[PDB]
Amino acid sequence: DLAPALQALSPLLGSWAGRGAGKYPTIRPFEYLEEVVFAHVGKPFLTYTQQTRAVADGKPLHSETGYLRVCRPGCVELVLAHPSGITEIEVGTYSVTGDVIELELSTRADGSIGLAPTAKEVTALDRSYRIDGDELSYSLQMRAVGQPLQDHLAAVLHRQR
């Protein structure tokens, strides 16, 4: 069933929902609801899809989709497409301390960003995830549009039954 390489990350499997917030020097702050699903097809990667929407009415905001590859246990390659015309490969590592998993990834660690002709100029993304039991939280930092690498999105999600 589950590929051996994915065993440490098995607590990610399933559906998660919660709420977060975003900011950047070039935009107004905002908040969002978020739904994520992690699944697999028997190979050494997880599938991942995310949709966010406005807190007030539920209007679609951002989404992302792709794969969390486990090269060899302890190392990850996150490969993502964004509907904003951007692709992202973040590379990094994780650690398990009991029911806590900490994952740290970045495009800056031999990752990649691709920009469609009409996309905004994003040049680096860093992600820090913590899965603690039924709570998943993250912070994402971004370097883009003339601004230095800094906090951009963060959320807390909870495992759905």
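In case it trips you up, residue 1 is the first one in the sequence shown, and so on.
Visitor: Between 50-58 and 63-71, point out the one with the higher average CA B-factor as the PDB entry records it.
Guide: On average, C-alpha B-factors are higher across 50-58.
Visitor: Among the choices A39, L125, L115, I27, identify the one whose CA B-factor in the record is greatest.
Guide: Max CA B-factor in the entry, restricted to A39, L125, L115, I27: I27.
Visitor: For the chain shown, is the CA B-factor of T93 in the lowest, middle or highest third of its modelled residues?
Guide: Middle third.
Visitor: State the tercile, meaning the lowest, middle or highest third, of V76 with respect to the CA B-factors recorded for its chain.
Guide: Its C-alpha B-factor, which the entry lists for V76, ranks in the highest third among residues of this chain.
Visitor: Hey, what third does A154 fall into on Cα B-factor, ranked over its chain?
Guide: It falls in the bottom third of the chain.
Visitor: Among all modelled residues of this chain, ranked by Cα B factor, put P148 in the bottom, middle or top third, i.e. lowest, middle or highest.
Guide: Highest third.
Visitor: Sort the modelled residues of this chain by their C-alpha B factor and say whether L33 lands in the lowest, middle or highest third.
Guide: Lowest third.
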